[PDB]
Structures are given as C-alpha cells and as structure tokens.
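Colleague: once you've seen the sequence and the experimental structure below, I've got questions.
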Amino acid sequence: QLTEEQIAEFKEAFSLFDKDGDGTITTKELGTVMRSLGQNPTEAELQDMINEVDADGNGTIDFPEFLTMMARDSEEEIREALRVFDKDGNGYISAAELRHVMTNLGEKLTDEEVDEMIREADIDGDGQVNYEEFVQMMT
Amino acid sequence: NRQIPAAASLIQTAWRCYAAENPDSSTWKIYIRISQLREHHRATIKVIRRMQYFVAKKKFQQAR
Ligand SMILES: [Ca+2]
Ligand SMILES: [Ca+2]
Ligand SMILES: [Ca+2]
C-alpha cells in the first residue's frame, strides 16, 4: 500500500519539518512550520498533534512514524459524526443546516469550501446530499 | 453535549483532507497570509491536515 515514489515524496516533506536535520520532528518545529503558514496553533494543539503520531512515546516524531501516519474504518466514525446532527432519523439534513454546522462550529469552514463539498457530494444528481453520498465521496 | 463540537470537527478535518488532494480546490484560498502558495507550502499543508484529522478522530472517540 506504499509506492516507492510515495516514500521519497514523504521523505522530502519530512525534511521541511525537521529543519535541524537530526531525523526528528519536535513540537517547536511543528509550531515553526504552522506559524510560517500564518496559522496560530496552541501549545496543546501542537501536543495533541505530536501525540497522535508519536508511536513510541519519546515526545518526538521520526520518519518511520511519519511514514505510518501518511500511510494510515474511518467510515463508521464519519457515519457516527453525521448521526449526531441527524434530528428526524432521516438519511440527510438540509443544505442550509449543513452550511450552518460546517461554518459555525468546530473548525469553521469557509462558505466557498461548503459550496464545493455541496456541489461535489451530490453524486446521484437529485439536489440533496445524503450521508451515504457524502461518505462515498470521501472513500 | 460534548459530541457536537467533536463531531463537526471530525467532519470538517476529514473533508479538508479530501479537498487537499485536488490542487484547484477553494480550500487552498484560506492561507491568506501567503501571497504565492508554492510546492513546499502545499506539502506541509497536506501533512498538517492529516495530523489534525487524526487529532479530531481521537477526540471524537474520546467524547463518546
Ligand atoms: Ca529535529
Ligand atoms: Ca517517536
Ligand atoms: Ca443526492
């Protein structure tokens, strides 16, 4: 499930994070890259991110762990998340309700992003994005 | 209800992973403080979106 062309691509990306070149990615270097992108990460956010990936628990990410993360079921999780907002137990919510949850909660997507998912996720063409269509789009 | 924020973030970071595989997506327009998004930018963005998706997944499961 890993091309050899993918492995070298991920090695290059690894390099952009590990700027000291000691084969490791620390919370400071992740912070440095994210601020370089104009983002404003919290020190807990940086810790959650390192923790999710750091399989050995030594507080840092080296390249095999990076490789695993980029290579890594999710379906049922996405389904549970959609059902949280499922009021009437139907397989869907209105596009307006979807636009609200996507723009006003959690990460807060932009309105052009939500336009994009809405256009792309109505696979069957009837004007109504349902859950199953949304899942298939992502899988 | 601890689940509403967790579940929204899961949806949003999942879609943001997905949108980043398309180079023309409007998801690339949110980095307002970069004038010219180049190759090295996109690659670090791809990595940060994947990590955030994995954080959101653990937090959702932690809320259930
Ligand atoms: Ca390092
Ligand atoms: Ca490690
Ligand atoms: Ca449809």
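Modeller: Sure thing, it's come through. Residues are numbered from 1 along each chain as shown, chains lettered A, B, ... in the order given. Ligands and ions are numbered 1, 2, ... in the order given.

Colleague: can you give me the helices for chain B?
Modeller: Counting by DSSP state H, chain B has helices at residues B:3-20, B:39-63.

Colleague: what's the closest of the ones you listed to ligand 3?
Modeller: Proximity to ligand 3 (Cβ to the ion) singles out helix B:3-20 among the helices of chain B, at 16.6 Å. All C-beta spots, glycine's among them, are computed from the backbone N, C-alpha and C.

Colleague: report the buried residues of the lengthiest helix in chain A.
Modeller: Identified as the longest helix of chain A according to DSSP H is helix A:4-17. The neighbour-count check on helix A:4-17 (16 or more other Cβ atoms under 10 Å in any protein chain shown) flags A:10, A:13, A:14, A:16, A:17 as buried.

Colleague: now the third one: how far from residue A:113?
Modeller: What that stands for is residue A:14. 28 Å (Cβ to Cβ, to the nearest Å).

Colleague: what of the first one?
Modeller: For residue A:10, the distance to residue A:113 (Cβ to Cβ) stands at 26 Å.

Colleague: same question for the fourth one.
Modeller: Taken as Cβ to Cβ, the spacing of residue A:16 relative to residue A:113 amounts to 25 Å.

Colleague: so what touches the longest helix of chain A?
Modeller: Taking contacts as Cβ atoms under 8 Å, 6 or more residues apart in numbering or on different chains, the residues outside helix A:4-17 that touch it are A:21, A:25, A:29-30, A:33, A:63, A:66-67, A:70, B:40, B:43-44, B:46-47.

Colleague: all strands in chain A, in order from the N-terminus.
Modeller: Along chain A, the segments classed as strands by DSSP state E run A:24-25, A:61-62.

Colleague: would CSV of those with distance to residue A:133 and mean neighbour count be doable?
Modeller: Formatted as CSV, the strands of chain A follow (distance: least, Cβ to Cβ, whole Å; neighbours: other Cβ atoms under 10 Å in any protein chain shown):
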stretch, distance to residue A:133, mean neighbour count
strand A:24-25, 37, 22
strand A:61-62, 35, 23
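
Colleague: export these as JSON lines, with columns for distance to residue B:28.
Modeller: Converted to JSON lines, these look like this (distance: least, Cβ to Cβ, whole Å):
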{"stretch": "strand A:24-25", "distance to residue B:28": "24"}
{"stretch": "strand A:61-62", "distance to residue B:28": "25"}
